[PDB]
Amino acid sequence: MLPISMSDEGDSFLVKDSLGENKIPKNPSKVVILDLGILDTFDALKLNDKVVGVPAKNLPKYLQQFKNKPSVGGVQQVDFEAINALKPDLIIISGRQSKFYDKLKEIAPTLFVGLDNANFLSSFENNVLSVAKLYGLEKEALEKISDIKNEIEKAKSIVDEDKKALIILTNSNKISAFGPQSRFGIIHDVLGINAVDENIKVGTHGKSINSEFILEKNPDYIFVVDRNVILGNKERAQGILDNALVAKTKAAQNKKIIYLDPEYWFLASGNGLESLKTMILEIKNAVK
């Protein structure tokens, strides 16, 4: 994916990203943020007062300090009347709102902070550092990125050389597997946990699988992201996976069926200083 690039034009930056080009004022003071990871980065950098709208319908528990901000709807169910009312100087989006880019760009400069699943850390650092440059906080952001890299190193220290993981998303009663360079790929691509099939190629929604598959593969770890939790559905991964086939796996027998927090893994996607730190530590705690 194309990175964000920024040029100094005095009172503003000329910014190019994979969706287009924007003139963004320095120190934007009225920012509408539609990417939850970036909202967490604002919080980390003490930029809370700059934030004028958030997608309150999908506001994670870890970001409840933003519960009094004006709502602009949800990450998919965007309230354009509400956005227009706030008269933002900047709107920040990621992939779920790329379909709305032209409409948003008629409200305010609209910055895209996408994540490249083939180059996650590169994408991450670019997004954080570009936001920080708007405010003259590169030094502070670098320090926080360095700290996350140290935590990655520490986590890698305890990762097993040989054990293998399956990464699955559950939605309704469907189980979909993900691998390297896909969504949720950082468990492999960043932390180096081996995948049960390293050469698996999946689409955007993963590879539909069943419990016979899971047992055939016999993973050492099963990392689960339960989208049922986000939807408020009846079924949950714990019930889906409570069967005699899954029980026979190394993961089940070793209590290494790990239910990852979907507010971080599905909603924030690790696109923030807070979320990514937390997610690295979450994995570390699961495998150590």
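Just count from 1 along the sequence shown to find any residue number.
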As the entry reports it, the stretch among 81-89 and 149-157 with higher mean C-alpha B factor is 149-157
According to the deposited model, is the average Cα temperature factor higher in 198-206 or in 122-130? 198-206
Residue, from 139, 188, 164, 174, that the PDB entry assigns the highest Cα B-factor: 139
Which one of 258, 56, 244, 47 shows the top CA temperature factor in the record? 244
How does residue 178 rank on Cα B-factor within its chain, lowest, middle or highest third? lowest
Third of the chain's Cα B-factor distribution that residue 74 belongs to, per the entry: middle
Third assignment of residue 26 from its chain's C-alpha B-factors: highest
Compared with the other modelled residues in the chain, in which third is the CA B-factor of residue 286? middle
For the chain shown, is the CA B-factor of residue 107 in the lowest, middle or highest third of its modelled residues? middle
